[PDB]
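K.L.:
Take a look at the following structure, please.
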Amino acid sequence: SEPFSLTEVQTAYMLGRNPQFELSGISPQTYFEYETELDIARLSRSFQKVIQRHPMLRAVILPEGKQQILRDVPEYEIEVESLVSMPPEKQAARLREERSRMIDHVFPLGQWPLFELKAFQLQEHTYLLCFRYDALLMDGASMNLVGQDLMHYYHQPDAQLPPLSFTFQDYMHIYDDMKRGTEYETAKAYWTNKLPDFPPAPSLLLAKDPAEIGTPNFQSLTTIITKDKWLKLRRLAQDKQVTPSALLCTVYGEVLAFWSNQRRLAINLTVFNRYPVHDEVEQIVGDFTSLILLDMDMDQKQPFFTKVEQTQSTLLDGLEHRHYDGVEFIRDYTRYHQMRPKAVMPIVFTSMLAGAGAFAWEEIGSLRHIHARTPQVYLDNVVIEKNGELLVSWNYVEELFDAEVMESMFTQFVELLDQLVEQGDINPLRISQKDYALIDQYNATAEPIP
């Protein structure tokens, strides 16, 4: 219940609230909306239990570059708005307005709660429950852990759970002591040896210069993959002796190399894993965001799965030296090659596999809307599991992209995943749309003259 320091990315999260940098000036926020059959009042009381259970849920972010768990908090209650008697045009207007009000809202530093839960009463016993939270508060693994304790006290409000012997403040005290020398110096030696020939981020197609954008405005494309495809893709990863994250990062790179006209590209992977520092680490709420950088090589006449094996061996080499954070590598990359104050690794992939054993963020209701805002990224491809189903979500600064290009990149990524399930390999990328017909008539220049 005392102030403590921020992680390297919690520092970057707060730094991302400065509009002086390109595509910055917002707080990173996560948004989810579900249609439930459950009682809002019972969920509101089970929420008061999870607030007192996990101390980090009672925390705020301080402007001193610190974060503090509060000794106690004002009582929270979920407010439900009745749309029961409204025409379908009026109930849709209230629902879309609250979406904008929630995603646009930013929690002040050192204010009150870092989250918000609001509900609508579609029918007298049907509700639209929505939950948002600033990314400085917790991680996706924590947002599901909260939902697991929510549904436990929803069905059993009196089945008191065992208390926690370890919180997020203790992890930060180890966090600063973990960042010292020895393995850190060895990790730095590894990263500095690869830097002289580290590839740049793929020069992806952009509609506008990020320098004239300032505050970004975010949209997203989401596709929920059938469990039967996600199982076959996992079996394909097992047949090739690779992790499925190496398959996804390669498919991600296949689309980027195609649209950026690159032979070698650099991806910014978001890894979690926290740090192996305690026994109860995976059972508490906290911020688990990190960074790593991938050494890729699409220059290849080889099949897709051999690109993945080189991806995996590189992925492990960077993971084995993650004591030197990838953001520290970005500062080293920035100084020499004279990158200036620009986005150095704006092509970001987020690996959130193993969503949960049952994903208690579905046991409440069906998923209707997905949204997220993330400072200092051109596009963030986050792939997360959902009780056997795979969710692919592309969060991107649309003040940078042509809509048809972003939809095509999102479609090609999914089409390559289908080919991995259907044939085990991928075919090269093609484009038609409003593009092939232009060049087909562009070169229709034949004339009959001997």
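Residues are referred to by chain and number: the chain letter is A, B, ... according to the order shown in the structure tokens, the number counts from 1 in that chain, and ligands are numbered separately from 1 in the order shown.
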Which neighbours of residue A:309 fall inside 7 Å, counting only C-alpha atoms, when residues of the same chain fewer than 4 positions from it are skipped, and could you give them as JSON, numbers by chain?
P.N.:
{"A": [242, 305, 313]}
K.L.:
Put those residues in a file: C-alpha atoms, as a short mmCIF file (atom, residue, chain, number, x, y, z; two decimals), in the first residue's frame.
P.N.:
data_model
loop_
_atom_site.label_atom_id
_atom_site.label_comp_id
_atom_site.auth_asym_id
_atom_site.auth_seq_id
_atom_site.Cartn_x
_atom_site.Cartn_y
_atom_site.Cartn_z
CA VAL A 242 8.29 -25.00 -33.45
CA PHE A 305 8.32 -23.76 -41.88
CA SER A 313 16.21 -20.01 -33.11
#
K.L.:
Can you tell me, as a ChimeraX atom specification, what residues are no more than 6 Å from residue A:402 when counting only C-alpha atoms, ignoring any on the same chain fewer than 2 positions away?
P.N.:
/A:207,404-405
K.L.:
Can you spit out the residues from that selection as a short mmCIF file (atom, residue, chain, number, x, y, z; two decimals), in the first residue's frame, using N, CA, C and O atoms?
P.N.:
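Saved the output as selection08.cif:
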data_model
loop_
_atom_site.label_atom_id
_atom_site.label_comp_id
_atom_site.auth_asym_id
_atom_site.auth_seq_id
_atom_site.Cartn_x
_atom_site.Cartn_y
_atom_site.Cartn_z
N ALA A 207 -0.22 6.10 -45.40
CA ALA A 207 -0.99 7.11 -46.11
C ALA A 207 -0.53 8.53 -45.80
O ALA A 207 -0.66 9.42 -46.65
N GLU A 404 -8.10 0.26 -47.52
CA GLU A 404 -8.03 -0.95 -48.33
C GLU A 404 -6.73 -1.71 -48.11
O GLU A 404 -6.71 -2.94 -48.19
N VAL A 405 -5.63 -1.00 -47.82
CA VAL A 405 -4.36 -1.66 -47.58
C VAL A 405 -4.38 -2.38 -46.24
O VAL A 405 -3.92 -3.53 -46.13
#
K.L.:
If we count only C-alpha atoms, what is near residue A:37 at a cut-off of 8 Å, once residues fewer than 2 positions away on the same chain are taken out, given as a list in words?
P.N.:
residues 35, 39, 125, 126, 127, 364 and 365 of chain A
K.L.:
May I have the selected residues written with N, CA and C atoms, as a PDB file, in the first residue's frame?
P.N.:
ATOM      1  N   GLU A  35     -22.234  -9.323 -23.981  1.00  0.00           N
ATOM      2  CA  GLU A  35     -23.670  -9.440 -23.756  1.00  0.00           C
ATOM      3  C   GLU A  35     -23.923 -10.635 -22.844  1.00  0.00           C
ATOM      4  N   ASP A  39     -26.569 -11.460 -13.419  1.00  0.00           N
ATOM      5  CA  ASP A  39     -27.066 -10.358 -12.609  1.00  0.00           C
ATOM      6  C   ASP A  39     -25.974  -9.308 -12.442  1.00  0.00           C
ATOM      7  N   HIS A 125     -33.688  -8.922 -18.410  1.00  0.00           N
ATOM      8  CA  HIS A 125     -32.732  -9.897 -17.899  1.00  0.00           C
ATOM      9  C   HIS A 125     -31.586 -10.134 -18.878  1.00  0.00           C
ATOM     10  N   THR A 126     -31.301  -9.165 -19.747  1.00  0.00           N
ATOM     11  CA  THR A 126     -30.183  -9.228 -20.679  1.00  0.00           C
ATOM     12  C   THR A 126     -29.405  -7.924 -20.585  1.00  0.00           C
ATOM     13  N   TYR A 127     -28.091  -8.025 -20.397  1.00  0.00           N
ATOM     14  CA  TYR A 127     -27.259  -6.862 -20.129  1.00  0.00           C
ATOM     15  C   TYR A 127     -26.064  -6.816 -21.071  1.00  0.00           C
ATOM     16  N   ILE A 364     -19.070 -14.975 -18.863  1.00  0.00           N
ATOM     17  CA  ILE A 364     -20.086 -13.973 -18.573  1.00  0.00           C
ATOM     18  C   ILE A 364     -21.043 -13.825 -19.750  1.00  0.00           C
ATOM     19  N   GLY A 365     -20.505 -13.715 -20.959  1.00  0.00           N
ATOM     20  CA  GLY A 365     -21.353 -13.575 -22.124  1.00  0.00           C
ATOM     21  C   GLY A 365     -20.560 -13.644 -23.411  1.00  0.00           C
TER      22      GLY A 365
END
K.L.:
Record the distance separating atom CA of residue A:201 and atom CA of residue A:268, expressed in Å with one decimal.
P.N.:
8.3 Å
K.L.:
Using only C-alpha atoms, can you tell me which of A:57, A:221, A:397, A:414 comes closest to residue A:251?
P.N.:
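Ranked by minimum distance to residue A:251, first place goes to A:414.
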K.L.:
Within 7 Å of residue A:60, counting only C-alpha atoms, which residues qualify if same-chain residues fewer than 6 places away don't, as a list in words?
P.N.:
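Counting only C-alpha atoms, the residues come to residues 67, 68, 69, 109, 110, 112, 113 and 114 of chain A.
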K.L.:
How would the residues just picked look written out with N, CA, C and O atoms as a PDB file, in the first residue's frame?
P.N.:
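The resulting file, selection_37.pdb, is reproduced below:
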ATOM      1  N   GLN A  67       4.129   4.391  -8.904  1.00  0.00           N
ATOM      2  CA  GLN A  67       2.779   3.865  -8.790  1.00  0.00           C
ATOM      3  C   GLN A  67       2.570   3.385  -7.363  1.00  0.00           C
ATOM      4  O   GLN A  67       3.485   2.830  -6.750  1.00  0.00           O
ATOM      5  N   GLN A  68       1.369   3.606  -6.833  1.00  0.00           N
ATOM      6  CA  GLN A  68       1.079   3.321  -5.434  1.00  0.00           C
ATOM      7  C   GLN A  68      -0.232   2.566  -5.303  1.00  0.00           C
ATOM      8  O   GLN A  68      -1.236   2.946  -5.915  1.00  0.00           O
ATOM      9  N   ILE A  69      -0.216   1.504  -4.505  1.00  0.00           N
ATOM     10  CA  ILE A  69      -1.442   0.847  -4.070  1.00  0.00           C
ATOM     11  C   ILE A  69      -2.039   1.657  -2.927  1.00  0.00           C
ATOM     12  O   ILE A  69      -1.328   2.054  -1.997  1.00  0.00           O
ATOM     13  N   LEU A 109      -3.641  10.767 -13.704  1.00  0.00           N
ATOM     14  CA  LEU A 109      -2.555  10.184 -12.870  1.00  0.00           C
ATOM     15  C   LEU A 109      -2.746  10.621 -11.414  1.00  0.00           C
ATOM     16  O   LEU A 109      -2.753  11.843 -11.160  1.00  0.00           O
ATOM     17  N   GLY A 110      -2.894   9.655 -10.503  1.00  0.00           N
ATOM     18  CA  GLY A 110      -3.087   9.951  -9.070  1.00  0.00           C
ATOM     19  C   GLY A 110      -4.496  10.434  -8.781  1.00  0.00           C
ATOM     20  O   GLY A 110      -4.700  11.067  -7.726  1.00  0.00           O
ATOM     21  N   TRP A 112      -8.326   8.637  -9.173  1.00  0.00           N
ATOM     22  CA  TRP A 112      -9.072   7.624  -8.380  1.00  0.00           C
ATOM     23  C   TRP A 112      -8.860   6.230  -8.984  1.00  0.00           C
ATOM     24  O   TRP A 112      -7.715   5.738  -8.949  1.00  0.00           O
ATOM     25  N   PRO A 113      -9.910   5.578  -9.533  1.00  0.00           N
ATOM     26  CA  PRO A 113      -9.778   4.240 -10.119  1.00  0.00           C
ATOM     27  C   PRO A 113      -9.179   4.284 -11.533  1.00  0.00           C
ATOM     28  O   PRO A 113      -9.427   5.239 -12.247  1.00  0.00           O
ATOM     29  N   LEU A 114      -8.411   3.249 -11.892  1.00  0.00           N
ATOM     30  CA  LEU A 114      -7.787   3.156 -13.203  1.00  0.00           C
ATOM     31  C   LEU A 114      -8.604   2.306 -14.166  1.00  0.00           C
ATOM     32  O   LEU A 114      -8.093   1.919 -15.223  1.00  0.00           O
TER      33      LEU A 114
END
K.L.:
With a distance cut-off of 9 Å and only C-alpha atoms, select the neighbouring residues of residue A:188, excluding the residue or stretch itself and same-chain residues fewer than 3 positions from it, and output the selection as a PyMOL selection string.
P.N.:
chain A and resi 183-185+191-193+321-325+328-329
K.L.:
With only C-alpha atoms as the counted atoms, please give the residues lying no more than 10 Å from stretch 269-282 of chain A, apart from itself and same-chain residues fewer than 5 positions off, as a VMD selection string.
P.N.:
chain A and resid 139 to 142 145 164 to 168 170 to 171 174 to 175 178 245 249 287 to 294 315 319 322 326 345 347 to 352 380 to 382
K.L.:
For residue A:133, please output as a list in words all residues within 7 Å (counting only C-alpha atoms; exclusion window: fewer than 5 positions along the same chain).
P.N.:
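Everything that qualifies: residues 29, 30, 114, 115 and 116 of chain A.
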K.L.:
Can you spit out the residues from that selection as an mmCIF file, in the first residue's frame, using N, CA and C atoms?
P.N.:
data_model
loop_
_atom_site.group_PDB
_atom_site.id
_atom_site.type_symbol
_atom_site.label_atom_id
_atom_site.label_comp_id
_atom_site.auth_asym_id
_atom_site.auth_seq_id
_atom_site.Cartn_x
_atom_site.Cartn_y
_atom_site.Cartn_z
ATOM 1 N N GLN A 29 -4.944 1.811 -23.413
ATOM 2 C CA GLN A 29 -6.195 1.381 -22.810
ATOM 3 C C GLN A 29 -6.716 0.142 -23.522
ATOM 4 N N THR A 30 -7.372 -0.724 -22.754
ATOM 5 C CA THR A 30 -7.968 -1.954 -23.253
ATOM 6 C C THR A 30 -9.472 -1.912 -23.024
ATOM 7 N N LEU A 114 -8.411 3.249 -11.892
ATOM 8 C CA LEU A 114 -7.787 3.156 -13.203
ATOM 9 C C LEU A 114 -8.604 2.306 -14.166
ATOM 10 N N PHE A 115 -9.855 2.010 -13.821
ATOM 11 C CA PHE A 115 -10.716 1.128 -14.593
ATOM 12 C C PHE A 115 -12.123 1.711 -14.606
ATOM 13 N N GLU A 116 -13.024 1.046 -15.325
ATOM 14 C CA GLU A 116 -14.427 1.437 -15.325
ATOM 15 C C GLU A 116 -15.275 0.270 -15.807
#
K.L.:
Would you work out the distance separating atom CA of residue A:144 from atom CA of residue A:378, expressed in Å to one decimal?
P.N.:
26.7 Å
K.L.:
Of the residues A:441, A:418, A:222, A:246, which is the one nearest to residue A:316, using only C-alpha atoms?
P.N.:
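For residue A:316, the nearest of the given residues is A:246.
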